[PDB]
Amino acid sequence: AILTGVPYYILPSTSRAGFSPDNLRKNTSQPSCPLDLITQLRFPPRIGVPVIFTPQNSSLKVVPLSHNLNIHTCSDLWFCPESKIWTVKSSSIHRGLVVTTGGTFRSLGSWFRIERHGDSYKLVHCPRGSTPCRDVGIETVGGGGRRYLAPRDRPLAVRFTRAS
């Protein structure tokens, strides 16, 4: 029921507090975005900015579970020079790997999968498009009060809302 190329909001399974790339939150053009995190919109809870899933297998109209895909933010506004494509980067101040935008389609570090998590789903990131994959969850360390997505093997249960 997740469709290739269609925008969805990623939301926590039990919450209305969705997610946005940092650059879209800050409303300001910058000359580079070395660590454009995906952060939760909490005060008040806001739906965030949708993403699109692109399976590694290009013929697929339905996004399969447990299979390599790219994610990218769907937004006509963009305040970074880098891409809208999600990837993972290491950050010393955030105490390890974090999800960011600025990736490259079909690159070795670009691969995520959607998996079942109880009655919901979870996102995982798969280095080099292979297992072992790390669960994507919410972290706070180094986030200056914000909650950001990171592949640290603690899953955040998510639901998808079609953005149409």
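Residue indices: 1-based, along the sequence shown.
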Would you mind comparing 26-34 and 49-57 for me and telling me which has the higher average C-alpha temperature factor in the entry? 26-34
Could you check the entry and say whether 59-67 or 105-113 has the higher mean CA B-factor? 59-67
Determine which member of 92, 83, 75, 87 has the highest CA B-factor, using the values in the deposited entry. 92
Third assignment of residue 158 from its chain's C-alpha B-factors: lowest
Give the position of residue 131 by CA B-factor within its chain, expressed as the lowest, middle or highest third. highest
Place residue 15 in the lowest, middle or highest third of its chain's C-alpha B-factors, as listed in the PDB entry. middle
